[PDB]
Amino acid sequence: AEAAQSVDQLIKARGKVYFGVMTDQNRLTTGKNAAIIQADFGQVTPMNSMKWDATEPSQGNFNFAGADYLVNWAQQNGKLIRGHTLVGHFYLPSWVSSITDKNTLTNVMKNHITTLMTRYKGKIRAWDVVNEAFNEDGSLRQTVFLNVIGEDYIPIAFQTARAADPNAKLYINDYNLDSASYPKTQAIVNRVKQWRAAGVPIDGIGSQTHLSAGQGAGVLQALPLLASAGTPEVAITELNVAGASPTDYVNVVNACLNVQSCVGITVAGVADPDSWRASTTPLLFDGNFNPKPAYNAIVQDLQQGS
């Protein structure tokens, strides 16, 4: 019956690539996460296991236990993987952020990128190569990478990534790209246009979409603005909405459908209590692992638009 269709099965029926979720071994081996992900979602992103602190706690000495679990679980369950994330300022060991030499940090950054993407070469649909690189005002965020390498670190990260695995779609990912009139949204479009004009292989813009209630409507204009940068893809990468209103969620799903370059949507987790903001109950399954009204609203709208 119609009532029984998945959001992933339906978004695929409408011409999209996936409707996925952020997860990791800890979730996958508890509660009903794995069963829900197998049945309802086509794509997974490692919540933590592929970040720098997790994978390179000391220079050159990599740890892949968690990441390998996620990648193999995904492969044996037919789920696409978005690798996440290579270069960014949170989850960065202080051994990295300590480096003050340009050529040392450059080499360190390139080794980190190449190591990770070489290990999973060919198995990763898309990588968030650079995360959270813009300030709110639209200027580039003054991280250790920006301050020590300079703004060339972004082109360098993407060229390096393309060399390590030319099969993966290479993304830049950010939050607060949800309003078309917001400086951050306009800036990332402008910079990504310029970088791509100079042959930087930015295949995608990822918009995390951590929404407050009522912010769904504006995504309808923010998302096509993001796609006007001319990347082959855009994605919604960490979707969750404080209060989980059906309107907010359906607006975001509709923005995706409206944007030919939008390949899919990944929500920030499965069940509310596992949210970074659990008390705003922002996800699509509740504390009993039951689908919420927003989940039904999405399925229904996906069918109705067919």
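All residue numbers refer to positions in the sequence shown, first residue = 1.
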Handout entry: Mean temperature factor over C-alpha atoms, higher-scoring stretch between 77-85 and 129-137
Key = 77-85
Fill in the blank from the handout: Ranked by mean Cα B-factor in the entry, 98-106 and 227-235, top stretch is 98-106
Practice task
Return the residue from 26, 251, 240, 45 that has the highest Cα B-factor in the entry.
Solution key: 26
Practice task
Choose from 263, 278, 268, 244 the residue with the greatest Cα B-factor as stated in the PDB record.
Solution key: 278
Fill in the blank from the handout: Temperature factor at the Cα of residue 216, chain-ranked in thirds, falls in the middle
Problem - Third of the chain, ranked by Cα B-factor, where residue 187 sits - result: middle
Handout entry: Entry-reported Cα temperature factor of residue 170, expressed as the chain third it lands in
Key = lowest
Handout entry: Third of the chain's Cα B-factor distribution that residue 123 belongs to, per the entry
Key = highest
Handout entry: Assigned third (lowest, middle, highest) for the C-alpha B factor of residue 154
Key = lowest
